[PDB]
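Trainee: Input structure: model-v5.csv, which contains CSV, C-alpha atoms and all ligand atoms.
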```csv
chain,number,residue,atom,x,y,z
A,1,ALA,CA,0.9,-18.7,98.8
A,2,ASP,CA,-1.2,-20.7,96.2
A,3,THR,CA,-2.6,-23.9,97.7
A,4,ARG,CA,-4.8,-25.3,95.0
A,5,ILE,CA,-7.4,-27.9,96.0
A,6,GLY,CA,-9.5,-29.6,93.3
A,7,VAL,CA,-13.2,-30.4,94.2
A,8,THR,CA,-15.7,-32.5,92.1
A,9,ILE,CA,-19.4,-32.6,93.0
A,10,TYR,CA,-21.1,-35.5,91.3
A,11,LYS,CA,-24.1,-33.4,90.3
A,12,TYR,CA,-24.6,-29.7,91.0
A,13,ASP,CA,-28.4,-29.9,90.8
A,14,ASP,CA,-28.8,-32.6,93.5
A,15,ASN,CA,-30.5,-30.4,96.1
A,16,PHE,CA,-28.5,-31.5,99.1
A,17,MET,CA,-25.1,-31.5,97.2
A,18,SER,CA,-25.9,-28.0,96.2
A,19,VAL,CA,-25.9,-27.0,99.9
A,20,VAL,CA,-22.6,-28.9,100.5
A,21,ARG,CA,-21.0,-27.2,97.4
A,22,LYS,CA,-21.9,-23.7,98.6
A,23,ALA,CA,-20.7,-24.4,102.2
A,24,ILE,CA,-17.3,-25.7,100.9
A,25,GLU,CA,-17.0,-22.6,98.6
A,26,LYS,CA,-17.7,-20.4,101.7
A,27,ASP,CA,-14.9,-22.1,103.6
A,28,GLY,CA,-12.5,-21.7,100.7
A,29,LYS,CA,-13.2,-17.9,100.4
A,30,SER,CA,-12.6,-17.6,104.2
A,31,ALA,CA,-9.1,-19.1,104.0
A,32,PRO,CA,-6.8,-16.4,102.4
A,33,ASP,CA,-4.2,-19.0,101.2
A,34,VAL,CA,-6.4,-21.5,99.3
A,35,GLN,CA,-7.8,-21.7,95.8
A,36,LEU,CA,-10.6,-24.1,95.2
A,37,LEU,CA,-11.1,-25.4,91.7
A,38,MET,CA,-14.8,-26.5,91.7
A,39,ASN,CA,-16.2,-28.9,89.1
A,40,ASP,CA,-19.6,-30.3,88.2
A,41,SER,CA,-19.3,-33.9,87.0
A,42,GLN,CA,-22.9,-33.8,85.7
A,43,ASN,CA,-23.6,-37.2,87.1
A,44,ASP,CA,-21.2,-38.9,84.7
A,45,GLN,CA,-18.1,-40.7,86.0
A,46,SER,CA,-16.2,-40.4,82.6
A,47,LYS,CA,-16.7,-36.6,82.9
A,48,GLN,CA,-15.4,-36.7,86.5
A,49,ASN,CA,-12.4,-38.9,85.5
A,50,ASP,CA,-11.3,-36.3,82.9
A,51,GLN,CA,-11.9,-33.5,85.3
A,52,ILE,CA,-9.5,-35.2,87.8
A,53,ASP,CA,-6.8,-35.4,85.0
A,54,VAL,CA,-7.2,-31.6,84.3
A,55,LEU,CA,-7.0,-30.8,88.1
A,56,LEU,CA,-3.8,-32.9,88.4
A,57,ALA,CA,-2.4,-31.1,85.3
A,58,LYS,CA,-3.2,-27.8,87.1
A,59,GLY,CA,-1.0,-29.0,90.1
A,60,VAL,CA,-3.6,-29.3,92.9
A,61,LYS,CA,-2.1,-30.4,96.2
A,62,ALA,CA,-5.2,-32.3,97.3
A,63,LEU,CA,-8.4,-33.6,95.8
A,64,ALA,CA,-11.9,-33.6,97.4
A,65,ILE,CA,-13.9,-36.0,95.4
A,66,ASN,CA,-17.6,-36.7,95.6
A,67,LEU,CA,-17.9,-39.7,93.4
A,68,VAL,CA,-20.6,-40.4,90.7
A,69,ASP,CA,-19.9,-44.1,90.8
A,70,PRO,CA,-18.5,-45.5,94.2
A,71,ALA,CA,-16.8,-48.3,92.3
A,72,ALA,CA,-14.6,-45.8,90.4
A,73,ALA,CA,-12.7,-45.0,93.7
A,74,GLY,CA,-9.8,-47.3,92.5
A,75,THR,CA,-9.5,-45.4,89.2
A,76,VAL,CA,-9.3,-42.0,91.0
A,77,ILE,CA,-6.8,-43.3,93.6
A,78,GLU,CA,-4.4,-44.5,90.8
A,79,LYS,CA,-4.5,-41.1,89.1
A,80,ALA,CA,-3.7,-39.4,92.4
A,81,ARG,CA,-1.1,-41.9,93.6
A,82,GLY,CA,1.3,-41.1,90.6
A,83,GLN,CA,1.5,-37.5,91.8
A,84,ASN,CA,1.5,-38.2,95.5
A,85,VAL,CA,-1.8,-36.2,95.9
A,86,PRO,CA,-4.1,-37.0,98.9
A,87,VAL,CA,-7.7,-37.7,98.2
A,88,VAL,CA,-10.6,-36.9,100.6
A,89,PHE,CA,-13.6,-38.7,99.2
A,90,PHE,CA,-17.0,-37.5,100.4
A,91,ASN,CA,-20.7,-38.2,100.5
A,92,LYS,CA,-20.6,-41.4,98.3
A,93,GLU,CA,-18.6,-44.0,100.3
A,94,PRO,CA,-16.0,-46.2,98.5
A,95,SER,CA,-15.2,-49.7,99.6
A,96,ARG,CA,-13.0,-50.4,102.6
A,97,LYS,CA,-10.5,-52.2,100.3
A,98,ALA,CA,-10.4,-49.1,98.0
A,99,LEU,CA,-9.7,-46.8,101.0
A,100,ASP,CA,-7.1,-49.2,102.4
A,101,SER,CA,-5.2,-49.4,99.1
A,102,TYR,CA,-3.7,-45.8,99.4
A,103,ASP,CA,-2.3,-44.3,102.7
A,104,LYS,CA,-3.5,-40.8,101.5
A,105,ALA,CA,-7.1,-41.7,100.9
A,106,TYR,CA,-9.7,-40.5,103.4
A,107,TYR,CA,-13.6,-40.4,103.6
A,108,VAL,CA,-16.0,-37.8,105.0
A,109,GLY,CA,-19.6,-39.0,105.3
A,110,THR,CA,-22.3,-40.3,107.7
A,111,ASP,CA,-23.5,-43.5,109.1
A,112,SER,CA,-26.3,-44.3,106.6
A,113,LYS,CA,-28.1,-46.6,109.0
A,114,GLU,CA,-28.6,-43.8,111.6
A,115,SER,CA,-30.8,-41.5,109.4
A,116,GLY,CA,-33.1,-44.5,108.8
A,117,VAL,CA,-33.4,-45.3,112.5
A,118,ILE,CA,-34.0,-41.6,113.4
A,119,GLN,CA,-36.7,-41.3,110.7
A,120,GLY,CA,-38.5,-44.4,112.1
A,121,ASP,CA,-38.3,-42.9,115.5
A,122,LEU,CA,-40.0,-39.7,114.3
A,123,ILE,CA,-42.7,-41.6,112.4
A,124,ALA,CA,-43.3,-43.8,115.6
A,125,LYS,CA,-43.5,-40.7,117.8
A,126,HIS,CA,-46.1,-39.0,115.5
A,127,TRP,CA,-48.1,-42.2,114.7
A,128,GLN,CA,-48.7,-42.7,118.4
A,129,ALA,CA,-49.6,-39.0,118.8
A,130,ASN,CA,-52.1,-39.0,115.9
A,131,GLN,CA,-54.3,-42.0,116.0
A,132,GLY,CA,-56.5,-40.4,113.3
A,133,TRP,CA,-53.6,-41.2,110.8
A,134,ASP,CA,-54.6,-44.9,111.1
A,135,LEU,CA,-57.3,-44.5,108.4
A,136,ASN,CA,-58.5,-48.1,108.4
A,137,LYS,CA,-58.1,-48.5,112.2
A,138,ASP,CA,-56.1,-51.8,112.1
A,139,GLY,CA,-53.2,-50.5,114.2
A,140,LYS,CA,-50.7,-51.1,111.3
A,141,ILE,CA,-49.1,-48.3,109.2
A,142,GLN,CA,-50.0,-48.8,105.5
A,143,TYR,CA,-47.3,-46.8,103.8
A,144,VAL,CA,-45.7,-46.1,100.4
A,145,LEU,CA,-42.0,-45.5,100.1
A,146,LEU,CA,-40.0,-43.3,97.7
A,147,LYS,CA,-36.5,-44.7,97.4
A,148,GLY,CA,-33.3,-43.0,96.1
A,149,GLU,CA,-30.9,-44.6,93.7
A,150,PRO,CA,-30.9,-48.4,93.9
A,151,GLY,CA,-27.6,-49.7,95.3
A,152,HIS,CA,-26.7,-46.4,96.9
A,153,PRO,CA,-25.6,-46.8,100.6
A,154,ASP,CA,-28.0,-44.1,101.9
A,155,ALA,CA,-31.0,-45.3,99.8
A,156,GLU,CA,-30.6,-48.9,101.0
A,157,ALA,CA,-30.0,-48.2,104.6
A,158,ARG,CA,-32.8,-45.6,105.0
A,159,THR,CA,-35.3,-48.0,103.3
A,160,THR,CA,-34.3,-51.0,105.5
A,161,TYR,CA,-33.9,-49.2,108.8
A,162,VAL,CA,-37.0,-46.9,108.8
A,163,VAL,CA,-39.2,-50.0,108.6
A,164,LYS,CA,-36.9,-52.0,111.0
A,165,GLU,CA,-37.1,-49.3,113.6
A,166,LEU,CA,-40.9,-49.1,113.4
A,167,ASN,CA,-41.3,-52.9,113.8
A,168,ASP,CA,-38.8,-52.8,116.8
A,169,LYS,CA,-41.0,-50.1,118.3
A,170,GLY,CA,-43.9,-52.5,118.2
A,171,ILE,CA,-45.6,-50.9,115.2
A,172,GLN,CA,-46.5,-53.3,112.4
A,173,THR,CA,-46.2,-52.1,108.8
A,174,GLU,CA,-47.7,-53.0,105.4
A,175,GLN,CA,-46.0,-51.8,102.3
A,176,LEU,CA,-48.6,-50.8,99.7
A,177,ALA,CA,-45.9,-49.7,97.3
A,178,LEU,CA,-42.2,-48.8,96.9
A,179,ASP,CA,-40.3,-47.5,93.9
A,180,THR,CA,-37.3,-45.3,93.1
A,181,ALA,CA,-37.6,-41.7,92.1
A,182,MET,CA,-33.7,-41.3,92.0
A,183,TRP,CA,-33.5,-38.6,94.7
A,184,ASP,CA,-35.5,-36.3,92.3
A,185,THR,CA,-38.5,-34.0,93.0
A,186,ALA,CA,-40.1,-34.3,89.6
A,187,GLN,CA,-39.8,-38.1,89.4
A,188,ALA,CA,-41.3,-38.4,92.9
A,189,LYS,CA,-44.3,-36.2,91.9
A,190,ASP,CA,-45.0,-38.6,89.0
A,191,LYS,CA,-44.7,-41.8,91.0
A,192,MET,CA,-46.9,-40.4,93.9
A,193,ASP,CA,-49.4,-39.3,91.2
A,194,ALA,CA,-49.5,-42.8,89.8
A,195,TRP,CA,-50.1,-44.3,93.2
A,196,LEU,CA,-52.9,-41.7,93.9
A,197,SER,CA,-54.5,-42.8,90.6
A,198,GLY,CA,-54.2,-46.5,91.3
A,199,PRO,CA,-56.2,-48.9,93.4
A,200,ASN,CA,-54.2,-48.5,96.6
A,201,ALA,CA,-54.9,-44.7,96.8
A,202,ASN,CA,-57.5,-44.7,99.6
A,203,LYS,CA,-55.4,-47.0,101.7
A,204,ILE,CA,-52.2,-44.8,101.9
A,205,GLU,CA,-51.6,-43.6,105.5
A,206,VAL,CA,-48.0,-42.5,105.5
A,207,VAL,CA,-45.5,-41.4,102.8
A,208,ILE,CA,-41.9,-42.2,103.6
A,209,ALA,CA,-39.1,-40.8,101.4
A,210,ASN,CA,-35.4,-41.4,101.4
A,211,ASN,CA,-34.8,-37.7,101.0
A,212,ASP,CA,-36.5,-34.3,101.1
A,213,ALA,CA,-36.4,-33.6,97.4
A,214,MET,CA,-38.5,-36.7,96.7
A,215,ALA,CA,-40.7,-35.8,99.7
A,216,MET,CA,-41.4,-32.4,98.1
A,217,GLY,CA,-42.6,-34.1,94.9
A,218,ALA,CA,-44.9,-36.3,96.9
A,219,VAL,CA,-46.3,-33.2,98.7
A,220,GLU,CA,-47.1,-31.7,95.3
A,221,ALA,CA,-49.0,-34.7,94.1
A,222,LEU,CA,-50.9,-34.9,97.4
A,223,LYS,CA,-51.9,-31.2,97.0
A,224,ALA,CA,-53.2,-31.9,93.5
A,225,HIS,CA,-55.3,-34.8,94.7
A,226,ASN,CA,-56.6,-32.8,97.7
A,227,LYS,CA,-54.9,-35.4,99.9
A,228,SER,CA,-52.8,-32.9,101.9
A,229,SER,CA,-53.7,-34.5,105.2
A,230,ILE,CA,-51.4,-37.6,104.4
A,231,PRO,CA,-48.2,-37.1,106.5
A,232,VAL,CA,-44.9,-37.0,104.5
A,233,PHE,CA,-41.5,-37.8,106.1
A,234,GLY,CA,-38.1,-37.1,104.5
A,235,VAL,CA,-34.4,-36.9,105.2
A,236,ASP,CA,-31.9,-33.9,104.9
A,237,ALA,CA,-33.6,-30.9,106.4
A,238,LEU,CA,-33.3,-28.8,103.3
A,239,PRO,CA,-34.5,-25.1,103.9
A,240,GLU,CA,-37.5,-25.6,101.6
A,241,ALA,CA,-38.4,-28.8,103.5
A,242,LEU,CA,-38.1,-27.1,106.9
A,243,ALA,CA,-40.6,-24.6,105.5
A,244,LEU,CA,-43.0,-27.5,104.9
A,245,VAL,CA,-42.5,-28.9,108.4
A,246,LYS,CA,-43.2,-25.4,109.7
A,247,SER,CA,-46.5,-25.3,107.6
A,248,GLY,CA,-47.5,-28.9,108.5
A,249,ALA,CA,-47.2,-30.1,104.9
A,250,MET,CA,-44.4,-32.5,106.0
A,251,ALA,CA,-44.6,-34.1,109.4
A,252,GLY,CA,-40.8,-34.4,109.9
A,253,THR,CA,-37.4,-34.8,108.5
A,254,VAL,CA,-33.8,-35.7,109.5
A,255,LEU,CA,-31.0,-33.1,109.4
A,256,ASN,CA,-28.1,-34.2,107.2
A,257,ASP,CA,-25.4,-31.9,108.3
A,258,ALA,CA,-24.1,-30.4,105.1
A,259,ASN,CA,-22.1,-27.6,106.7
A,260,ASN,CA,-20.1,-29.9,109.0
A,261,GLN,CA,-19.5,-32.4,106.2
A,262,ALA,CA,-18.3,-29.5,104.1
A,263,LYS,CA,-16.1,-28.2,106.9
A,264,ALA,CA,-14.5,-31.6,107.6
A,265,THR,CA,-13.8,-32.2,103.9
A,266,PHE,CA,-12.2,-28.8,103.6
A,267,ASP,CA,-10.2,-29.1,106.8
A,268,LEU,CA,-8.8,-32.6,105.9
A,269,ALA,CA,-8.1,-31.6,102.3
A,270,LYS,CA,-6.2,-28.4,103.3
A,271,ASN,CA,-4.1,-30.2,106.0
A,272,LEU,CA,-3.2,-33.0,103.7
A,273,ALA,CA,-2.4,-30.5,100.9
A,274,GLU,CA,0.1,-28.9,103.4
A,275,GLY,CA,1.8,-32.2,104.2
A,276,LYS,CA,0.2,-32.2,107.7
A,277,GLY,CA,-1.8,-34.9,109.6
A,278,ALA,CA,-5.4,-35.0,108.3
A,279,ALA,CA,-7.0,-33.9,111.5
A,280,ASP,CA,-4.2,-31.6,112.7
A,281,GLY,CA,-5.5,-28.6,114.7
A,282,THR,CA,-9.1,-29.8,114.3
A,283,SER,CA,-11.6,-31.6,116.5
A,284,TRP,CA,-12.6,-34.1,113.8
A,285,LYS,CA,-12.6,-37.7,115.0
A,286,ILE,CA,-11.0,-39.8,112.2
A,287,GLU,CA,-11.5,-43.5,112.7
A,288,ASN,CA,-9.9,-45.9,110.2
A,289,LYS,CA,-9.5,-42.8,107.8
A,290,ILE,CA,-13.3,-42.0,108.1
A,291,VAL,CA,-15.2,-39.1,109.6
A,292,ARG,CA,-18.9,-39.6,110.2
A,293,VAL,CA,-21.1,-36.6,111.0
A,294,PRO,CA,-24.4,-37.3,113.0
A,295,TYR,CA,-27.9,-37.0,111.7
A,296,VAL,CA,-30.4,-35.0,113.9
A,297,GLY,CA,-34.2,-35.7,114.0
A,298,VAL,CA,-36.4,-32.6,113.1
A,299,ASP,CA,-40.1,-32.0,113.6
A,300,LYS,CA,-42.3,-29.1,114.8
A,301,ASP,CA,-41.2,-29.6,118.4
A,302,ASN,CA,-37.5,-28.7,117.9
A,303,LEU,CA,-37.8,-26.8,114.7
A,304,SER,CA,-36.8,-23.4,116.2
A,305,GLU,CA,-33.3,-24.9,116.8
A,306,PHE,CA,-33.0,-25.2,113.0
A,307,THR,CA,-35.2,-22.4,111.6
A,308,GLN,CA,-37.8,-19.8,112.7
A,309,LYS,CA,-41.1,-21.1,113.8
A,401,CA,CA,-53.7,-48.8,109.2
```
Kindly present the structure from the file in structure tokens form.
Mentor:
Amino acid sequence: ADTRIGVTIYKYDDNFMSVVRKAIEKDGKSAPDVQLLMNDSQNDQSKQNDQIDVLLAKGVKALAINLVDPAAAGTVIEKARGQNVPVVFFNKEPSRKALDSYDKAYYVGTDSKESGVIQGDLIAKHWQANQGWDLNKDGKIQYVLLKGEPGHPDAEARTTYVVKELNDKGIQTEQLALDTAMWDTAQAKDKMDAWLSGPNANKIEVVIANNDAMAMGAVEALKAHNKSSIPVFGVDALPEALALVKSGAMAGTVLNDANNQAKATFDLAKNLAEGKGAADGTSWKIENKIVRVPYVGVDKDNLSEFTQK
């Protein structure tokens, strides 16, 4: 009657992982036979490694691990393997070799490349519809880009493929600046503030961000410089960001489906905790032990299908 599942979130105050954490908790409360043991790893992998030892000591039947460091997947797998405990890794993708080293290791995530392509499609759509955004009238987008953590799968794929998609759409681009703000609102506000105080400031046409939290910090810096007409694009469709698309402060974002990634992680973890096949009685398509949940483009034209206009 007491199926214990251990869950580690790499950082509880990452805005998107906060939506994922609350949706997994919602699913756990709704299943009468489950007890979720939730942990905040506080963005430190040593803290997470010790939390996994305490969870195994408490006799959890499955682990749902959102890694701090993707390279620590091996360390986690060996802790789990000794007790025959299945591990459903989520959000930060481990290596293929790491996933292949243990029959009971699974992954729930997304195809990183896809959100980059979708963001580039949105920017392309809106660029063509608002020729007044081309401030210097040269037919090229002069942009700045706010990147997430360097090395991170989603940060590298969204930076590469948003520009790639724009160029493939026949829109030439010129990068005025790019720097990491580590997925953080405050750090993004400061970097955008620096750029608006630098020599490139009058040349900026579009602000591209790897997530909505950083986009929200850029919107604040633009407000302060009375540059609120510069379009900002993000990724995740956070409720607060959807409010800005609704108000026109952001020009578009890409839904990162937190509720279905949460549901897939919970479903796979509970099945595997019960000795059943990972996808039993579900509609999740597992391919090579991986579930990928689609991104969806969001702007003012389909915004009612995600929030109230
Ligand atoms: Ca231009």
Trainee: Between atom CA of residue A:177 and atom CA of residue A:206, what is the distance, to one decimal in Å?
Mentor: 11.1 Å
Trainee: Calculate how many Å separate atom CA of residue A:71 from atom CA of residue A:53, rounding to one decimal.
Mentor: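 According to the coordinates, atom CA of residue A:71 and atom CA of residue A:53 are separated by 17.9 Å.
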Trainee: Write out as JSON lines the residues of chain A that have any atom within 7 Å of an atom of ligand CA 401 (chain A), one row each with the nearest atom pair and its distance in Å to one decimal, counting only C-alpha atoms and all ligand atoms, sorted by chain and then rising number.
Mentor:
```
{"residue": "A:134", "atom": "CA", "partner": "A:CA401", "partner_atom": "CA", "distance": 4.4}
{"residue": "A:135", "atom": "CA", "partner": "A:CA401", "partner_atom": "CA", "distance": 5.7}
{"residue": "A:136", "atom": "CA", "partner": "A:CA401", "partner_atom": "CA", "distance": 4.9}
{"residue": "A:137", "atom": "CA", "partner": "A:CA401", "partner_atom": "CA", "distance": 5.3}
{"residue": "A:138", "atom": "CA", "partner": "A:CA401", "partner_atom": "CA", "distance": 4.8}
{"residue": "A:139", "atom": "CA", "partner": "A:CA401", "partner_atom": "CA", "distance": 5.3}
{"residue": "A:140", "atom": "CA", "partner": "A:CA401", "partner_atom": "CA", "distance": 4.3}
{"residue": "A:141", "atom": "CA", "partner": "A:CA401", "partner_atom": "CA", "distance": 4.6}
{"residue": "A:142", "atom": "CA", "partner": "A:CA401", "partner_atom": "CA", "distance": 5.2}
{"residue": "A:205", "atom": "CA", "partner": "A:CA401", "partner_atom": "CA", "distance": 6.7}
```
Trainee: Which one of A:239, A:74, A:59, A:217 sits closest to residue A:35 if you count only C-alpha atoms?
Mentor: A:59
Trainee: In terms of the shortest atom-to-atom distance over only C-alpha atoms, which of A:123, A:62, A:145, A:200 is closest to residue A:171?
Mentor: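 For residue A:171, the nearest of the given residues is A:123.
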Trainee: Please list as a list in words every residue within 10 Å of residue A:56, counting only C-alpha atoms and excluding residues in the same chain fewer than 5 positions away.
Mentor: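 Listing them by chain and then by number gives residues 5, 6, 50, 51, 61, 62, 63, 79, 80, 82, 83 and 85 of chain A.
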Trainee: When you draw a straight line from atom CA of residue A:147 to atom CA of residue A:110, how long is it in Å?
Mentor: 18.1 Å
Trainee: Taking only residues of stretch 69-102 of chain A that have an atom at most 12 Å from an atom of stretch 251-262 of chain A, what is each one's shortest atom pair and its distance in Å to one decimal, using all atoms listed in the file, in chain and number order, as a tab-separated table?
Mentor:
```
residue	atom	partner	partner_atom	distance
A:88	CA	A:262	CA	11.2
A:89	CA	A:261	CA	11.1
A:90	CA	A:261	CA	8.1
A:91	CA	A:261	CA	8.2
```
Trainee: Based on the selection just made, write C-alpha atoms of those residues as a compact mmCIF listing (two decimals), in the frame of the given file.
Mentor:
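selection34.txt, written as the output of this step:
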```txt
# COMPACT_ATOMS: atom_id res chain seq x y z
CA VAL A 88 -10.60 -36.90 100.60
CA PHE A 89 -13.60 -38.70 99.20
CA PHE A 90 -17.00 -37.50 100.40
CA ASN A 91 -20.70 -38.20 100.50
```
Trainee: Quick one: residues within 12 Å of residue A:46, all atoms listed in the file counted, chain neighbours fewer than 5 positions away excluded, as a list in words?
Mentor: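 Here the qualifying residues turn out to be residues 10, 41, 51, 52, 53, 67, 68, 69, 72, 75 and 76 of chain A.
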Trainee: Counting only C-alpha atoms, which residue out of A:152, A:104, A:113, A:164 sits closest to residue A:277?
Mentor: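 Selected residue with least distance to residue A:277: A:104.
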Trainee: Mind listing whatever residues come within 12 Å of the point (-44.3, -47.2, 94.5)? Use all atoms listed in the file, file coordinates, and give them as a VMD selection string.
Mentor: chain A and resid 143 to 148 175 to 181 187 to 198 200 to 201 204 207 to 209 218
Trainee: Take the residues just selected and output them with C-alpha atoms as a PDB file, in the frame of the given file.
Mentor:
```
ATOM      1  CA  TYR A 143     -47.300 -46.800 103.800  1.00  0.00           C
ATOM      2  CA  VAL A 144     -45.700 -46.100 100.400  1.00  0.00           C
ATOM      3  CA  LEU A 145     -42.000 -45.500 100.100  1.00  0.00           C
ATOM      4  CA  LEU A 146     -40.000 -43.300  97.700  1.00  0.00           C
ATOM      5  CA  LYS A 147     -36.500 -44.700  97.400  1.00  0.00           C
ATOM      6  CA  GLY A 148     -33.300 -43.000  96.100  1.00  0.00           C
ATOM      7  CA  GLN A 175     -46.000 -51.800 102.300  1.00  0.00           C
ATOM      8  CA  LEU A 176     -48.600 -50.800  99.700  1.00  0.00           C
ATOM      9  CA  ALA A 177     -45.900 -49.700  97.300  1.00  0.00           C
ATOM     10  CA  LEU A 178     -42.200 -48.800  96.900  1.00  0.00           C
ATOM     11  CA  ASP A 179     -40.300 -47.500  93.900  1.00  0.00           C
ATOM     12  CA  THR A 180     -37.300 -45.300  93.100  1.00  0.00           C
ATOM     13  CA  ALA A 181     -37.600 -41.700  92.100  1.00  0.00           C
ATOM     14  CA  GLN A 187     -39.800 -38.100  89.400  1.00  0.00           C
ATOM     15  CA  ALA A 188     -41.300 -38.400  92.900  1.00  0.00           C
ATOM     16  CA  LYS A 189     -44.300 -36.200  91.900  1.00  0.00           C
ATOM     17  CA  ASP A 190     -45.000 -38.600  89.000  1.00  0.00           C
ATOM     18  CA  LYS A 191     -44.700 -41.800  91.000  1.00  0.00           C
ATOM     19  CA  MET A 192     -46.900 -40.400  93.900  1.00  0.00           C
ATOM     20  CA  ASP A 193     -49.400 -39.300  91.200  1.00  0.00           C
ATOM     21  CA  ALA A 194     -49.500 -42.800  89.800  1.00  0.00           C
ATOM     22  CA  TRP A 195     -50.100 -44.300  93.200  1.00  0.00           C
ATOM     23  CA  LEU A 196     -52.900 -41.700  93.900  1.00  0.00           C
ATOM     24  CA  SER A 197     -54.500 -42.800  90.600  1.00  0.00           C
ATOM     25  CA  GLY A 198     -54.200 -46.500  91.300  1.00  0.00           C
ATOM     26  CA  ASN A 200     -54.200 -48.500  96.600  1.00  0.00           C
ATOM     27  CA  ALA A 201     -54.900 -44.700  96.800  1.00  0.00           C
ATOM     28  CA  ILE A 204     -52.200 -44.800 101.900  1.00  0.00           C
ATOM     29  CA  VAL A 207     -45.500 -41.400 102.800  1.00  0.00           C
ATOM     30  CA  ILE A 208     -41.900 -42.200 103.600  1.00  0.00           C
ATOM     31  CA  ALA A 209     -39.100 -40.800 101.400  1.00  0.00           C
ATOM     32  CA  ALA A 218     -44.900 -36.300  96.900  1.00  0.00           C
TER      33      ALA A 218
END
```
Trainee: Nearest residue to residue A:106 out of A:30, A:167, A:210, A:288, using all atoms listed in the file?
Mentor: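 Closest candidate: A:288.
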Trainee: For residue A:120, which residue out of A:65, A:99, A:54, A:235 is the nearest one, using only C-alpha atoms?
Mentor: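 Ranked by minimum distance to residue A:120, first place goes to A:235.
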Trainee: For residue A:250, which of A:264, A:155, A:77, A:215 is the closest residue, counting all atoms listed in the file?
Mentor: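 Looking only at the distances to residue A:250, the closest residue turns out to be A:215.
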Trainee: Quick one: residues within 8 Å of (-12.0, -27.5, 112.9) (file frame), counting only C-alpha atoms, please, as a ChimeraX atom specification.
Mentor: /A:263-264,267,281-284
Trainee: What's the 7 Å shell around residue A:112, counting all atoms listed in the file, without same-chain residues fewer than 3 positions away, as a PyMOL selection string?
Mentor: chain A and resi 115+153-154+157-158
Trainee: Skip residue A:95 itself and residues of its chain fewer than 2 positions away, then list as a ChimeraX atom specification all residues within 8 Å of it, counting only C-alpha atoms.
Mentor: /A:70-71,73,93,97-99
